[PDB]
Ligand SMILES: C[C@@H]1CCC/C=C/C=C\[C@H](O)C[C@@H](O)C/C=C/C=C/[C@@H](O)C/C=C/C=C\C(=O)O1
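Listed next as structure tokens is one chain, alone, in the form solved without this ligand.
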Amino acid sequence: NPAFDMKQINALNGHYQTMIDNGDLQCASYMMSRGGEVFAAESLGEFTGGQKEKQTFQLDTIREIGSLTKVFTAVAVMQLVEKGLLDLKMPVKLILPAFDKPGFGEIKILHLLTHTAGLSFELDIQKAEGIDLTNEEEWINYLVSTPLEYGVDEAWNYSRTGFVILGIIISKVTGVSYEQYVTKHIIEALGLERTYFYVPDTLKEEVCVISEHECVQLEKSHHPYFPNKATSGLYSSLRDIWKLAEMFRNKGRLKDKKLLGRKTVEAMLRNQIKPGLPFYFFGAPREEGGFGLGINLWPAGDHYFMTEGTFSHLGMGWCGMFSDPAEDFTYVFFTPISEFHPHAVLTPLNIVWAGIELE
């Protein structure tokens, strides 16, 4: 009825379990659905941050989603476009007057959402002495004192700072904090039950941590060097990231809950990058690839088994959200691991899509 070859579930479980058994990572979990109905989900392994004995990784374990936070930021921006409070062709300087200067004055909201604003990947916090980088105005002023790496619409260059700026813009036009906005209008609005910018004290013991850094950050109430958590920092769960992916696949709604109109989602899932633009990632050139309004359209097609049109975002940590509208199919996963490893993060997608059968 899901029309899925369950021998591929056995293969998927053994793949993750083998990496766990060999010490490549501590734990892994996944959730997969057809037509909005989860038919396979599993959690494997155990976790420890180093300070207590290993704990079983469960399907409802809370885990930081890293880069996947940017997808929440993208939805928030687009909700404000639906309200008429933002237009993607607005120059950033219209909202943040510090951008009213050469170079920065050409950046439009659309550029930030598509990683084409010319911003570098990161800001060097080591050179911000005497600046409180958790203060919005001090962070913006530091940002605009640092040279742009490219002009606008010259390159796709994945940028953390682009989405911090989007968080500030969200706060400025709504009159609440970025986190308050997303919590009300996306997290609560979609019925996400284990998703938090800051995990309640009573639930912190149910959070997967695999390193000293993660333990320390779980106890903090702010991001260490950004004024918001719009680029990274959300904690979530499989089911909640599954709901987010399904919301996109269903073009903006999940049963009775509606976050976006269908025409808005169609725009978000359409390639927005000028063809021929070079792609850079963390300094290195990357294969061209479609990119939507904060949503990745690669990997898809080509030698992958995911159908062209599959949309996704990976999250540092690592985790991932993949949804293939042509097969009514969604796969979300957590592979907590200290360093990206394609055998853990990407190769399992082959196993999964190879099990899809004709409905």
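A residue's number is simply how far along the shown sequence it sits, counting from 1.
Absent from the display: the form deposited with this ligand bound. The rest refers to it.
Figure legend: unbound chain with this ligand modelled from its position in the bound PDB entry by local C-alpha superposition. Site open, with zero ligand atoms within 2.4 Å of backbone or C-beta atoms. Only one listed stretch (213-221, 94-102, 279-287, 136-144) carries heavy atoms within 4.5 Å of this ligand in the bound PDB entry, and that stretch is 279-287.
When contacts are judged by a 4.5 Å heavy atom cut-off, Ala11 does not count as touching this ligand in the bound PDB entry. Although the partner is absent here, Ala344 is not a contact residue: none of its heavy atoms lies within 4.5 angstroms of this ligand in the bound PDB entry. Within this chain, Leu293 is remote from the site of this ligand in the bound PDB entry, having no heavy atom within 4.5 Å.
The shortest heavy atom separation between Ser67 and this ligand in the bound PDB entry is within 4.5 Å. When you look in the bound PDB entry, the only residue of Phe329, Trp318, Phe311, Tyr30 with a non-hydrogen atom within 4.5 Å of this ligand is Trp318. Proximity of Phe121, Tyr158 and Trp298 to this ligand in the bound PDB entry is complete: all three residues have a non-hydrogen atom within 4.5 angstroms.
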